[PDB]
Amino acid sequence: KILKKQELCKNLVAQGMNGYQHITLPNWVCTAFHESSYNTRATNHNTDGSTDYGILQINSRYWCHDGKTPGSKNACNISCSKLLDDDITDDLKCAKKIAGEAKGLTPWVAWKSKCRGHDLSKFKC
Ligand SMILES: [Ca+2]
């Protein structure tokens with residue numbers, strides 16, 4: 001599914017993502033726009049054999065289990081396939097774990113490159 005920015009905003013708020021680790025909503029939305037274009041089915045295969053899944057591009061070496069990644073840690077304790085469906089509840093709950101361990105949005109390479117220090121007025125909720 002390709003979510004509309006306001007459905008994304010409603011989900012974020014409902015999952016208590018506003019101000020989580022002092023991360024504002026426009027930051028979470030810009031991240032999701034540059035990571036996946038809001039595509040809940042987005043996937044990216046990496047050089048180390050892992051794959052990034054869903055709207056927040058959650059990785060199968062550290063966070064989710066896909067059954068084919070070397071050195072999987074499955075830290076969110078979830079099948080990666082659950083990150084390719086249309087409900088982003090579990091996707092958002094995993095992202096909170098990622099962001100909580102990093103104390104910020106640094107795990108996401110698109111946020112750093114396309115959101116940090118740029119205008120976020122296009123991404124307001
Ligand atoms: Ca999901």
Side-chain angles (χ1 to χ4, degrees):
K1 174 195 177 160
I2 295 251
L3 294 247
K4 285 305 196 200
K5 177 182 81 168
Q6 218 77 358
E7 326 171 51
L8 170 51
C9 288
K10 266 234 157 129
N11 274 282
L12 263 353
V13 167
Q15 293 324 311
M17 238 88 63
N18 180 60
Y20 178 77
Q21 221 337 298
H22 291 258
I23 298 160
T24 66
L25 292 177
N27 275 287
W28 281 115
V29 177
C30 180
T31 297
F33 181 70
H34 286 115
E35 283 292 343
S36 79
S37 292
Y38 309 138
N39 194 347
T40 68
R41 298 201 176 165
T43 72
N44 193 57
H45 189 41
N46 297 308
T47 69
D48 70 346
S50 72
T51 306
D52 309 321
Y53 287 95
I55 190 159
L56 273 175
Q57 286 293 276
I58 291 179
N59 182 260
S60 65
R61 151 168 263 280
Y62 311 102
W63 306 104
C64 62
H65 172 71
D66 57 6
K68 54 191 245 231
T69 302
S72 174
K73 281 140 173 98
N74 195 14
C76 283
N77 191 25
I78 183 164
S79 192
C80 299
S81 79
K82 292 310 232 131
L83 314 181
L84 299 162
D85 61 15
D86 292 337
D87 180 2
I88 56 173
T89 303
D90 45 10
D91 298 58
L92 287 190
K93 306 192 211 281
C94 178
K96 266 177 170 181
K97 212 277 169 164
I98 298 171
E101 297 178 25
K103 288 195 94 233
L105 290 169
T106 54
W108 291 275
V109 74
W111 172 86
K112 292 139 124 161
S113 61
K114 302 243 76 205
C115 305
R116 180 145 174 93
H118 299 92
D119 172 38
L120 295 187
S121 42
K122 273 227 188 222
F123 301 112
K124 165 203 141 84
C125 285

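Quick note: residue numbers are just sequence positions, from 1. Both backbone and side-chain heavy atoms feed into the values below; hydrogens, waters and symmetry mates do not.
- Residues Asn18 and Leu12 are not in side-chain contact: their nearest non-hydrogen atoms beyond the backbone lie 4.5 Å or more apart.
- Here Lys68 pairs with nothing under the salt bridge (charged side-chain N to carboxylate O under 4.0 Å, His left out) rule; sequence neighbours left out.
- Proximity of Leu25 to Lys124: side-chain heavy atoms (C-beta onward) are nowhere separated by under 4.5 Å.
- Nearest approach of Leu120 to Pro26, heavy atoms of both residues: CD1-CB, 3.8 Å.
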Step by step, work out the side chain to side chain contact (heavy atoms under 4.5 Å, CB included) result for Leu56 and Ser36.
-> CA-CA 7 Å; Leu56 273 175; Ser36 79; over 6 Å; no

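- Atom CG of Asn59 sits about 4.0 Å away from atom OG of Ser50, to the nearest 0.5 Å.
- Remark: SG of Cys64 is found under 2.5 Å from SG of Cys80.
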Just do the side chain to side chain contact (heavy atoms under 4.5 Å, CB included) check on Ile55 and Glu35 with the steps written out, would you?
-> CA-CA 7 Å; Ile55 190 159; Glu35 283 292 343; over 6 Å; no

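- Distance check: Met17 CE to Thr24 OG1 gives 13.0 Å after rounding to the nearest 0.5 Å.
- Taking 4.5 Å as the limit, every side-chain heavy atom of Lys73 sits out of range of all side-chain heavy atoms of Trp63.
- Taking the side chain as every heavy atom from C-beta outward, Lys96 and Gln21 never approach each other to under 4.5 Å.
- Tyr62 and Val109 sit in two unconnected hydrophobic clusters of ILVMFWY residues. Membership requires side-chain heavy atoms under 4.5 Å apart, directly or through other members.
- Once rounded to the nearest 0.5 Å, the distance linking CD of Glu101 with NZ of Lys97 reads 3.5 Å.
- Side chains of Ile78 and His65 form no contact here, defined as non-hydrogen atoms less than 4.5 Å apart.
- Of the residues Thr51, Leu83, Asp52, the one that meets the side chain to side chain contact (heavy atoms under 4.5 Å, CB included) test with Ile58 is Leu83.
- Just one of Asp66, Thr40, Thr43 meets the side chain to side chain donor-acceptor pair (under 3.5 Å) condition when paired with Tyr53; it is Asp66.
- In this structure, CG on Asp87 lies 8.5 Å from CG on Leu92, to the nearest 0.5 angstrom.
- The OG atom of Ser60 sits 7.5 Å away from atom CG of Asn46, with the distance rounded to the nearest 0.5 Å.
- Residues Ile23 and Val13 share a hydrophobic cluster, clusters being chains of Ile/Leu/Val/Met/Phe/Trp/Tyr side chains in contact below 4.5 Å.
- Side-chain contact between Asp48 and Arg61 is present, with heavy atoms from C-beta onward closer than 4.5 Å.
- Within 6.0 Å of NZ in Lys5 there are more than 12 heavy atoms belonging to other residues, nucleotides or ligands.
- For the pair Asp86 and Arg41, the minimum side-chain heavy-atom distance is below 4.5 Å.
- Interatomic distance, OH of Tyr38 versus NZ of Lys4, reported as 10.0 Å (0.5 Å rounding).
- Ring to ring, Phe123 and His34 are close: their centroids are under 6.0 angstrom apart.
- In this structure, the side chains of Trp108 and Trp28 come closer than 4.5 Å at one or more pairs of heavy atoms.
- No side-chain donor from either of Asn39 and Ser37 sits under 3.5 Å from a side-chain acceptor of the other.
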